[PDB]
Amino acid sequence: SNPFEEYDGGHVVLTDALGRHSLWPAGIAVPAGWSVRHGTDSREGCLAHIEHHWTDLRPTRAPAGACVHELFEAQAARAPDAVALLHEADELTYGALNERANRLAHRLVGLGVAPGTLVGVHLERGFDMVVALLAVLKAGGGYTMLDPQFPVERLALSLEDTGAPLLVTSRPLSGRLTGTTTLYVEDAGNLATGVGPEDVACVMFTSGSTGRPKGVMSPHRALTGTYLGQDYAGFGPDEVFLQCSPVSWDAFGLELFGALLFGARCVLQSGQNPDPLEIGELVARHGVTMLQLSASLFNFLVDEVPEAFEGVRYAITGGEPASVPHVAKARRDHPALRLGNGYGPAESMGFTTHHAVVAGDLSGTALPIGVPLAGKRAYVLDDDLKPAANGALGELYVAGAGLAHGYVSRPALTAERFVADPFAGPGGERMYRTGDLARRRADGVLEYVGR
């Protein structure tokens, strides 16, 4: 049961100082920082109000932090000749990648890209893909990765939701997506567009569904908030990450930016889906130091490609409930391997919580999802939005720096899931309703139960 879906006493619409809208049950106290803009009304009536009024999701003390491309730029200045990307037998240095992305960024500016502009990127995995998305960020826009493994009808639909007036693609992919002004990625100082951390960096669309497109629109701050100042993996110039996760959803960022923001190497896997045998070969070839793997992929590699973990420093299972026996076996086979369980919705960006595996876990029936990343929060709430007592079952709501702005072109859906945070201080903040059931145990660690 959930009071944002079914509530006895009807609903109201709340807004904060940044013009963001939240659905809210009428019988529950209004959180600090929020004011009633509409209602009491029926749920459908509240949602209609939101659809009509909330026409721009972007929010309307100086912002802390550099943007994603700015941190990349500093790494490119620090070590222009360090290797940034590896793909098949080819390598691309930080310096060369920065120069290519600059050339393309200047082209984007001439075509009208500005802060607040979105740009579709329809490219197979390889250097051009990274040149293109960095170029979009540098020009101050947000990118949306259009994964070419998907049917064009679905890609076209997603692109339409974003409203992007520009598409970057390749000569071989030319003509698949039509009706949007298109430029070609095939090939230079840094730009200074005034873009900031609350500006949109990306819109993500899931690789794992055939339902109606849902574009998660997230600011630079949500990316940097997930990869900087964290300790769930090793970050630094001596790391070698492997970009094998689907390019258009949220696991992509850790692999690509977790490397580029730090001066590390990023190996790009050929093919749009994680390829277990190729992963094993790439780890051996390049000395990959961190793997991020969905649980099913993790379990297969542990059982059938054990050499994929040789030399690897951190492996993190995610996306679905971890298999304790496979985590245990990984530990037996690779004693120096640090193991983690990473949890979260794309709406809160990459990992919202993380659990470092300890010996005492390896005999359990389930692996805990751990504690929130620095700057992020997780609540376990009952259907009155009251925290669950210790060990009691409740629903997970997540909050803090990873939160997306919402779902592009879908303000009603955004307002029913990104809702007011009733625990936050004077400033109004939001929390995202995950739909996941969990328990918090005495020591504060979170246990995923399911849906």
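Note that residue numbering begins at 1 and tracks the sequence as displayed.
- Unmodelled residues of the deposited sequence between neighbouring positions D187 and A188 number 4 to 9.
- Unmodelled residues of the deposited sequence between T60 and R61: 4 to 9.
- The stretch 353-361 shows the higher mean C-alpha B-factor when 242-250 is compared against 353-361 in the entry.
- Looking at 369-377 and 109-117 together, the entry lists the larger mean B-factor for 109-117, computed on C-alpha atoms.
- You'll see in the entry that, of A415, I28, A401, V68, the Cα B factor peaks at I28.
- When the C-alpha B-factors of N98, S207, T317, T162 are ranked from the entry, the top spot goes to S207.
- When the modelled residues of the chain are ordered by C-alpha B-factor, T193 sits in the highest third.
- The entry lists a Cα temperature factor for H122 that places it in the lowest third of the chain's modelled residues.
- Ranked against the other modelled residues of its chain, the C-alpha B-factor of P151 as given in the entry falls in the highest third.
- Looking at the C-alpha B-factors along this chain, the one for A336 belongs to the highest third.
- Ranked within its chain, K329 lands in the highest third, by CA B factor from the PDB record.
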